[PDB]
Amino acid sequence: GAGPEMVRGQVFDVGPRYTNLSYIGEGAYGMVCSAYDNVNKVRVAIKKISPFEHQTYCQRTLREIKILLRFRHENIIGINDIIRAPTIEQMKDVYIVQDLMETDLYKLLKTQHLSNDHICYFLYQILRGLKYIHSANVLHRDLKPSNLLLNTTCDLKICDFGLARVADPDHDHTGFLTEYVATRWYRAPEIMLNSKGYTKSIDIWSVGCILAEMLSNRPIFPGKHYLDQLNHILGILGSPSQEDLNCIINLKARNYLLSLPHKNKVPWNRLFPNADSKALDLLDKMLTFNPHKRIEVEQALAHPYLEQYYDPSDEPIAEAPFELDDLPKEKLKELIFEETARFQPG
Ligand SMILES: CC(C)(C)NC(=O)CN1Cc2ccc(-c3nc(NC4CCOCC4)ncc3Cl)cc2C1=O
């Protein structure tokens with residue numbers, strides 16, 4: 001009949017709707033399996049989340065749920081179902097059910113050469129999903145190949161909104177070498193200099209890094225630690241201009257930059273000799289040092305590289321735009337309980 005299913009020694013308590021579980025992967029979040037959904041008659045992805053012991057896992061879980069339930073977009077992963085206990089007291093885990101995807105861009109880049117047509121289509125889809133996210137006044141803040149899911153026909157969906165925030169440009173400024181959470185190789189230079197990552201330009205940088213990694217299958221700026229990341233960026237872009245340096249008012253950040261020997265820009269076409277010239281023009285604009293001069297999502301969609309796809313009437317925006325979750329474990333358990341209530345029998 002039915003009972004608590006096991007996979008790799010752990011309870012994967014999803015039944016009876018979801019049967020024939022196969023293990024996929026693990027991490028800090030929890031465990032993921034595929035499973036046959038008996039109602040829609042599709043295999044699905046299911047992730048077990050066990051956040052209730054810590055405020056930060058609670059915060060990230062609640063963000064993801066609230067954002068993904070509000071969003072509806074072809075290039076953004078949805079939530080199909082959420083499984084949890086009927087009472088707050090009995091709820092130890094939450095299972096989030098999502099469309100099963102064949103692969104992700106991280107796995108694909110490790111194993112597959114991309115044609116220029118694939119690169120163009122993937123970049124189109126990324127920006128189309130991002131136009132929607134940014135139009136809801138949300139920042140993803142951890143865009144990277146492993147958070148771009150792909151199916152067998154190369155439809156792309158953005159996932160993992162655990163680090164997302166509402167945009168807050170008027171409170172973006174900070175001091176030099178301020179710690180940051182999102183993935184190192186996809187961090188904009190200004191994160192290490194004077195930015196909290198509360199503007200939309202943080203996401204465009206990450207997309208720029210992803211475009212570069214699609215062109216060569218290798219990360220463009222593979223820093224090994226916090227300030228080495230800025231070493232790598234400056235190694236390609238070269239020394240910032242006086243104008244760009246003048247926009248950094250903070251003296252520790254400005255004087256660090258002034259202390260460096262002069263570095264020449266590495267031309268994109270030498271770094272990417274096989275790339276489409278239009279792709280390199282768009283890359284240059286995404287990987288612009290000064291975040292105020294950096295291209296915006298809607299401009300990027302309108303770039304000649306994407307002309308075969310660009311269609312603003314088919315690149316929708318959110319009907320309903322949107323942190324403030326520095327709350328205890330116990331009240332965040334309750335909001336997750338309330339946010340998941342719609343999926344219960346009743
Ligand atoms: C805690 C919270 C909600 C803030 N963060 C996450 O839970 C982060 N995680 C981890 C994860 C793993 C898998 C999938 C997923 N994986 C597939 N397929 C696989 C098949 C094997 O190759 C790779 C793709 N299909 C659908 C989904 Cl949702 C999504 C997420 C995700 O968002």
# chains A, B, ... in the order shown; residues from 1 in each chain; ligands from 1
>>> residues_around(residues="region 316-326 of chain A", least_positions_apart="4", cutoff="9 Å", atoms="only C-alpha atoms", output="list in words")
residues 55, 56, 59, 62, 63, 67, 70, 71, 72, 73, 128, 129, 131, 132, 133, 134, 135, 136, 137, 138, 164, 165, 166, 167, 312 and 332 of chain A
>>> write_last_selection(atoms="C-alpha atoms", output="mmCIF file, in the first residue's frame")
data_model
loop_
_atom_site.group_PDB
_atom_site.id
_atom_site.type_symbol
_atom_site.label_atom_id
_atom_site.label_comp_id
_atom_site.auth_asym_id
_atom_site.auth_seq_id
_atom_site.Cartn_x
_atom_site.Cartn_y
_atom_site.Cartn_z
ATOM 1 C CA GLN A 55 16.966 30.925 10.837
ATOM 2 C CA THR A 56 19.014 31.169 7.576
ATOM 3 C CA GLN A 59 14.719 32.507 5.498
ATOM 4 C CA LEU A 62 10.500 30.986 2.721
ATOM 5 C CA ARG A 63 11.889 33.337 -0.004
ATOM 6 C CA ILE A 67 8.659 34.065 -4.954
ATOM 7 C CA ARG A 70 3.840 34.289 -7.080
ATOM 8 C CA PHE A 71 5.797 33.946 -10.329
ATOM 9 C CA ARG A 72 4.453 32.321 -13.468
ATOM 10 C CA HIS A 73 6.830 32.302 -16.449
ATOM 11 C CA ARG A 128 13.565 36.598 -20.996
ATOM 12 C CA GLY A 129 13.151 34.960 -17.551
ATOM 13 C CA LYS A 131 13.199 40.463 -17.597
ATOM 14 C CA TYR A 132 10.232 39.014 -15.672
ATOM 15 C CA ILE A 133 12.125 38.625 -12.383
ATOM 16 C CA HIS A 134 13.489 42.250 -12.559
ATOM 17 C CA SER A 135 10.026 43.567 -13.568
ATOM 18 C CA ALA A 136 8.755 42.159 -10.214
ATOM 19 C CA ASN A 137 11.497 44.238 -8.484
ATOM 20 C CA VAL A 138 13.301 41.055 -7.491
ATOM 21 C CA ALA A 164 16.792 36.520 -3.869
ATOM 22 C CA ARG A 165 16.012 39.977 -2.508
ATOM 23 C CA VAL A 166 13.731 42.867 -3.420
ATOM 24 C CA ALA A 167 15.764 45.501 -5.167
ATOM 25 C CA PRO A 312 8.858 42.406 -26.497
ATOM 26 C CA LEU A 332 9.371 31.604 9.973
#
>>> residues_around(residues="residue 162 (chain A)", least_positions_apart="5", cutoff="7 Å", atoms="only C-alpha atoms", output="JSON list (two decimals) with N, CA and C atoms, in the first residue's frame")
[["chain", "number", "residue", "atom", "x", "y", "z"],
["A", 60, "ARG", "N", 15.73, 31.33, 3.63],
["A", 60, "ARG", "CA", 15.95, 30.98, 2.22],
["A", 60, "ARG", "C", 14.80, 30.15, 1.66],
["A", 61, "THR", "N", 14.34, 29.13, 2.45],
["A", 61, "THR", "CA", 13.17, 28.33, 2.12],
["A", 61, "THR", "C", 11.93, 29.21, 1.93],
["A", 63, "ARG", "N", 11.71, 32.50, 1.20],
["A", 63, "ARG", "CA", 11.89, 33.34, 0.00],
["A", 63, "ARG", "C", 11.58, 32.64, -1.25],
["A", 64, "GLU", "N", 12.21, 31.46, -1.45],
["A", 64, "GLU", "CA", 11.98, 30.60, -2.59],
["A", 64, "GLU", "C", 10.51, 30.32, -2.75]]
>>> closest_atom_pairs(of="chain A", to="ligand 1", cutoff="9 Å", atoms="only C-alpha atoms and all ligand atoms", output="JSON lines")
{"residue": "A:24", "atom": "CA", "partner": "ligand 1", "partner_atom_place_in_ligand_line": "21 (C)", "distance": 5.9}
{"residue": "A:25", "atom": "CA", "partner": "ligand 1", "partner_atom_place_in_ligand_line": "12 (C)", "distance": 6.9}
{"residue": "A:26", "atom": "CA", "partner": "ligand 1", "partner_atom_place_in_ligand_line": "12 (C)", "distance": 7.5}
{"residue": "A:27", "atom": "CA", "partner": "ligand 1", "partner_atom_place_in_ligand_line": "10 (C)", "distance": 7.3}
{"residue": "A:28", "atom": "CA", "partner": "ligand 1", "partner_atom_place_in_ligand_line": "1 (C)", "distance": 8.1}
{"residue": "A:29", "atom": "CA", "partner": "ligand 1", "partner_atom_place_in_ligand_line": "1 (C)", "distance": 4.7}
{"residue": "A:30", "atom": "CA", "partner": "ligand 1", "partner_atom_place_in_ligand_line": "7 (O)", "distance": 7.3}
{"residue": "A:31", "atom": "CA", "partner": "ligand 1", "partner_atom_place_in_ligand_line": "12 (C)", "distance": 7.6}
{"residue": "A:32", "atom": "CA", "partner": "ligand 1", "partner_atom_place_in_ligand_line": "12 (C)", "distance": 5.8}
{"residue": "A:33", "atom": "CA", "partner": "ligand 1", "partner_atom_place_in_ligand_line": "13 (C)", "distance": 8.2}
{"residue": "A:34", "atom": "CA", "partner": "ligand 1", "partner_atom_place_in_ligand_line": "18 (N)", "distance": 7.8}
{"residue": "A:44", "atom": "CA", "partner": "ligand 1", "partner_atom_place_in_ligand_line": "25 (N)", "distance": 7.3}
{"residue": "A:45", "atom": "CA", "partner": "ligand 1", "partner_atom_place_in_ligand_line": "26 (C)", "distance": 4.8}
{"residue": "A:46", "atom": "CA", "partner": "ligand 1", "partner_atom_place_in_ligand_line": "28 (Cl)", "distance": 7.0}
{"residue": "A:47", "atom": "CA", "partner": "ligand 1", "partner_atom_place_in_ligand_line": "7 (O)", "distance": 6.3}
{"residue": "A:48", "atom": "CA", "partner": "ligand 1", "partner_atom_place_in_ligand_line": "7 (O)", "distance": 7.9}
{"residue": "A:49", "atom": "CA", "partner": "ligand 1", "partner_atom_place_in_ligand_line": "1 (C)", "distance": 6.2}
{"residue": "A:50", "atom": "CA", "partner": "ligand 1", "partner_atom_place_in_ligand_line": "1 (C)", "distance": 8.6}
{"residue": "A:51", "atom": "CA", "partner": "ligand 1", "partner_atom_place_in_ligand_line": "1 (C)", "distance": 7.9}
{"residue": "A:57", "atom": "CA", "partner": "ligand 1", "partner_atom_place_in_ligand_line": "1 (C)", "distance": 6.8}
{"residue": "A:58", "atom": "CA", "partner": "ligand 1", "partner_atom_place_in_ligand_line": "1 (C)", "distance": 8.4}
{"residue": "A:59", "atom": "CA", "partner": "ligand 1", "partner_atom_place_in_ligand_line": "4 (C)", "distance": 8.4}
{"residue": "A:60", "atom": "CA", "partner": "ligand 1", "partner_atom_place_in_ligand_line": "4 (C)", "distance": 4.7}
{"residue": "A:61", "atom": "CA", "partner": "ligand 1", "partner_atom_place_in_ligand_line": "4 (C)", "distance": 4.6}
{"residue": "A:62", "atom": "CA", "partner": "ligand 1", "partner_atom_place_in_ligand_line": "4 (C)", "distance": 7.7}
{"residue": "A:63", "atom": "CA", "partner": "ligand 1", "partner_atom_place_in_ligand_line": "4 (C)", "distance": 7.1}
{"residue": "A:64", "atom": "CA", "partner": "ligand 1", "partner_atom_place_in_ligand_line": "4 (C)", "distance": 5.3}
{"residue": "A:65", "atom": "CA", "partner": "ligand 1", "partner_atom_place_in_ligand_line": "3 (C)", "distance": 7.2}
{"residue": "A:77", "atom": "CA", "partner": "ligand 1", "partner_atom_place_in_ligand_line": "28 (Cl)", "distance": 6.7}
{"residue": "A:78", "atom": "CA", "partner": "ligand 1", "partner_atom_place_in_ligand_line": "28 (Cl)", "distance": 8.1}
{"residue": "A:79", "atom": "CA", "partner": "ligand 1", "partner_atom_place_in_ligand_line": "28 (Cl)", "distance": 8.2}
{"residue": "A:96", "atom": "CA", "partner": "ligand 1", "partner_atom_place_in_ligand_line": "3 (C)", "distance": 7.9}
{"residue": "A:97", "atom": "CA", "partner": "ligand 1", "partner_atom_place_in_ligand_line": "28 (Cl)", "distance": 7.3}
{"residue": "A:98", "atom": "CA", "partner": "ligand 1", "partner_atom_place_in_ligand_line": "28 (Cl)", "distance": 5.0}
{"residue": "A:99", "atom": "CA", "partner": "ligand 1", "partner_atom_place_in_ligand_line": "26 (C)", "distance": 5.5}
{"residue": "A:100", "atom": "CA", "partner": "ligand 1", "partner_atom_place_in_ligand_line": "25 (N)", "distance": 3.9}
{"residue": "A:101", "atom": "CA", "partner": "ligand 1", "partner_atom_place_in_ligand_line": "25 (N)", "distance": 3.9}
{"residue": "A:102", "atom": "CA", "partner": "ligand 1", "partner_atom_place_in_ligand_line": "20 (C)", "distance": 5.2}
{"residue": "A:103", "atom": "CA", "partner": "ligand 1", "partner_atom_place_in_ligand_line": "22 (O)", "distance": 3.9}
{"residue": "A:104", "atom": "CA", "partner": "ligand 1", "partner_atom_place_in_ligand_line": "23 (C)", "distance": 4.9}
{"residue": "A:105", "atom": "CA", "partner": "ligand 1", "partner_atom_place_in_ligand_line": "23 (C)", "distance": 8.5}
{"residue": "A:106", "atom": "CA", "partner": "ligand 1", "partner_atom_place_in_ligand_line": "23 (C)", "distance": 8.5}
{"residue": "A:107", "atom": "CA", "partner": "ligand 1", "partner_atom_place_in_ligand_line": "22 (O)", "distance": 7.2}
{"residue": "A:146", "atom": "CA", "partner": "ligand 1", "partner_atom_place_in_ligand_line": "23 (C)", "distance": 7.7}
{"residue": "A:147", "atom": "CA", "partner": "ligand 1", "partner_atom_place_in_ligand_line": "32 (O)", "distance": 7.0}
{"residue": "A:148", "atom": "CA", "partner": "ligand 1", "partner_atom_place_in_ligand_line": "24 (C)", "distance": 8.7}
{"residue": "A:149", "atom": "CA", "partner": "ligand 1", "partner_atom_place_in_ligand_line": "24 (C)", "distance": 6.1}
{"residue": "A:150", "atom": "CA", "partner": "ligand 1", "partner_atom_place_in_ligand_line": "24 (C)", "distance": 7.5}
{"residue": "A:151", "atom": "CA", "partner": "ligand 1", "partner_atom_place_in_ligand_line": "18 (N)", "distance": 8.5}
{"residue": "A:158", "atom": "CA", "partner": "ligand 1", "partner_atom_place_in_ligand_line": "32 (O)", "distance": 8.8}
{"residue": "A:159", "atom": "CA", "partner": "ligand 1", "partner_atom_place_in_ligand_line": "32 (O)", "distance": 5.1}
{"residue": "A:160", "atom": "CA", "partner": "ligand 1", "partner_atom_place_in_ligand_line": "32 (O)", "distance": 3.8}
{"residue": "A:161", "atom": "CA", "partner": "ligand 1", "partner_atom_place_in_ligand_line": "4 (C)", "distance": 5.8}
{"residue": "A:162", "atom": "CA", "partner": "ligand 1", "partner_atom_place_in_ligand_line": "4 (C)", "distance": 3.5}
{"residue": "A:163", "atom": "CA", "partner": "ligand 1", "partner_atom_place_in_ligand_line": "4 (C)", "distance": 7.1}
>>> select_by_dssp(residues="region 106-257 of chain A", states="helix (DSSP H, G or I)", output="VMD selection string")
chain A and resid 106 to 111 116 to 135 145 to 147 169 to 171 184 to 186 189 to 193 201 to 216 226 to 237 242 to 246 251 to 257
>>> residues_around(residues="residue 183 (chain A)", least_positions_apart="6", cutoff="10 Å", atoms="only C-alpha atoms", output="VMD selection string")
chain A and resid 141 to 144 206
>>> closest_atom_pairs(of="region 145-219 of chain A", to="region 290-293 of chain A", cutoff="8 Å", atoms="only C-alpha atoms", output="JSON lines")
{"residue": "A:190", "atom": "CA", "partner": "A:291", "partner_atom": "CA", "distance": 7.6}
{"residue": "A:201", "atom": "CA", "partner": "A:291", "partner_atom": "CA", "distance": 5.8}
{"residue": "A:202", "atom": "CA", "partner": "A:291", "partner_atom": "CA", "distance": 7.8}
>>> write_last_selection(atoms="N, CA, C and O atoms", output="JSON list (two decimals), in the first residue's frame")
[["chain", "number", "residue", "atom", "x", "y", "z"],
["A", 190, "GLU", "N", 31.99, 45.25, -8.22],
["A", 190, "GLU", "CA", 31.55, 46.19, -7.21],
["A", 190, "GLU", "C", 31.19, 45.53, -5.86],
["A", 190, "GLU", "O", 31.26, 46.20, -4.84],
["A", 201, "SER", "N", 21.80, 45.42, -11.77],
["A", 201, "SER", "CA", 23.10, 45.27, -12.45],
["A", 201, "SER", "C", 23.95, 44.08, -11.89],
["A", 201, "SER", "O", 24.83, 43.56, -12.59],
["A", 202, "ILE", "N", 23.66, 43.61, -10.66],
["A", 202, "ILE", "CA", 24.37, 42.46, -10.10],
["A", 202, "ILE", "C", 24.08, 41.18, -10.90],
["A", 202, "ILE", "O", 24.98, 40.33, -11.15]]
>>> residues_around(residues="residue 345 (chain A)", least_positions_apart="4", cutoff="12 Å", atoms="only C-alpha atoms", output="list in words")
residues 81, 82, 83, 84, 85, 86, 340 and 341 of chain A
>>> atom_distance(atom1="CA of residue 302 (chain A)", atom2="CA of residue 124 (chain A)")
10.1 Å
>>> closest_atom_pairs(of="region 237-345 of chain A", to="region 168-179 of chain A", cutoff="8 Å", atoms="only C-alpha atoms", output="Markdown table")
| residue | atom | partner | partner_atom | distance |
| --- | --- | --- | --- | --- |
| A:250 | CA | A:175 | CA | 6.8 |
| A:252 | CA | A:176 | CA | 6.2 |
| A:253 | CA | A:176 | CA | 5.2 |
>>> residues_around(residues="residue 20 (chain A)", least_positions_apart="6", cutoff="10 Å", atoms="only C-alpha atoms", output="VMD selection string")
chain A and resid 5 33 to 37 43
>>> residues_around(residues="region 237-248 of chain A", least_positions_apart="6", cutoff="7 Å", atoms="only C-alpha atoms", output="PyMOL selection string")
chain A and resi 254+262-266+290
>>> atom_distance(atom1="CA of residue 207 (chain A)", atom2="CA of residue 257 (chain A)")
24.5 Å
>>> select_by_dssp(residues="region 135-286 of chain A", states="strand (DSSP E)", output="MDAnalysis selection string")
chainID A and resid 138:139 148:150 156:158 165:166
>>> write_last_selection(atoms="N, CA, C and O atoms", output="PDB file, in the first residue's frame")
ATOM      1  N   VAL A 138      12.513  42.091  -8.134  1.00  0.00           N
ATOM      2  CA  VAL A 138      13.301  41.055  -7.491  1.00  0.00           C
ATOM      3  C   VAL A 138      14.659  40.912  -8.201  1.00  0.00           C
ATOM      4  O   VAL A 138      14.734  41.006  -9.398  1.00  0.00           O
ATOM      5  N   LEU A 139      15.680  40.640  -7.430  1.00  0.00           N
ATOM      6  CA  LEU A 139      17.019  40.256  -7.819  1.00  0.00           C
ATOM      7  C   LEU A 139      17.232  38.783  -7.489  1.00  0.00           C
ATOM      8  O   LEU A 139      16.936  38.351  -6.376  1.00  0.00           O
ATOM      9  N   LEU A 148      20.468  26.979 -13.937  1.00  0.00           N
ATOM     10  CA  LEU A 148      19.749  27.067 -15.203  1.00  0.00           C
ATOM     11  C   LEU A 148      19.450  25.658 -15.615  1.00  0.00           C
ATOM     12  O   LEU A 148      20.331  24.917 -16.054  1.00  0.00           O
ATOM     13  N   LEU A 149      18.198  25.270 -15.476  1.00  0.00           N
ATOM     14  CA  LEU A 149      17.789  23.914 -15.807  1.00  0.00           C
ATOM     15  C   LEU A 149      17.359  23.824 -17.262  1.00  0.00           C
ATOM     16  O   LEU A 149      16.798  24.754 -17.811  1.00  0.00           O
ATOM     17  N   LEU A 150      17.585  22.668 -17.879  1.00  0.00           N
ATOM     18  CA  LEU A 150      17.259  22.408 -19.262  1.00  0.00           C
ATOM     19  C   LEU A 150      16.614  21.080 -19.430  1.00  0.00           C
ATOM     20  O   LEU A 150      16.992  20.113 -18.800  1.00  0.00           O
ATOM     21  N   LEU A 156      14.828  26.247 -21.186  1.00  0.00           N
ATOM     22  CA  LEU A 156      15.615  26.644 -20.066  1.00  0.00           C
ATOM     23  C   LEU A 156      14.727  27.274 -19.010  1.00  0.00           C
ATOM     24  O   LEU A 156      13.865  28.098 -19.350  1.00  0.00           O
ATOM     25  N   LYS A 157      14.931  26.871 -17.727  1.00  0.00           N
ATOM     26  CA  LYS A 157      14.252  27.472 -16.576  1.00  0.00           C
ATOM     27  C   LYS A 157      15.221  27.858 -15.463  1.00  0.00           C
ATOM     28  O   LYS A 157      16.061  27.061 -15.037  1.00  0.00           O
ATOM     29  N   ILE A 158      15.083  29.095 -14.988  1.00  0.00           N
ATOM     30  CA  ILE A 158      15.859  29.576 -13.875  1.00  0.00           C
ATOM     31  C   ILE A 158      15.291  28.989 -12.589  1.00  0.00           C
ATOM     32  O   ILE A 158      14.081  28.991 -12.396  1.00  0.00           O
ATOM     33  N   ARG A 165      16.406  38.831  -3.325  1.00  0.00           N
ATOM     34  CA  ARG A 165      16.012  39.977  -2.508  1.00  0.00           C
ATOM     35  C   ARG A 165      15.148  40.878  -3.396  1.00  0.00           C
ATOM     36  O   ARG A 165      15.223  40.818  -4.620  1.00  0.00           O
ATOM     37  N   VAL A 166      14.333  41.710  -2.761  1.00  0.00           N
ATOM     38  CA  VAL A 166      13.731  42.867  -3.420  1.00  0.00           C
ATOM     39  C   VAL A 166      14.797  43.893  -3.686  1.00  0.00           C
ATOM     40  O   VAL A 166      15.648  44.151  -2.832  1.00  0.00           O
TER      41      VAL A 166
END
>>> atom_distance(atom1="CA of residue 297 (chain A)", atom2="CA of residue 121 (chain A)")
15.3 Å
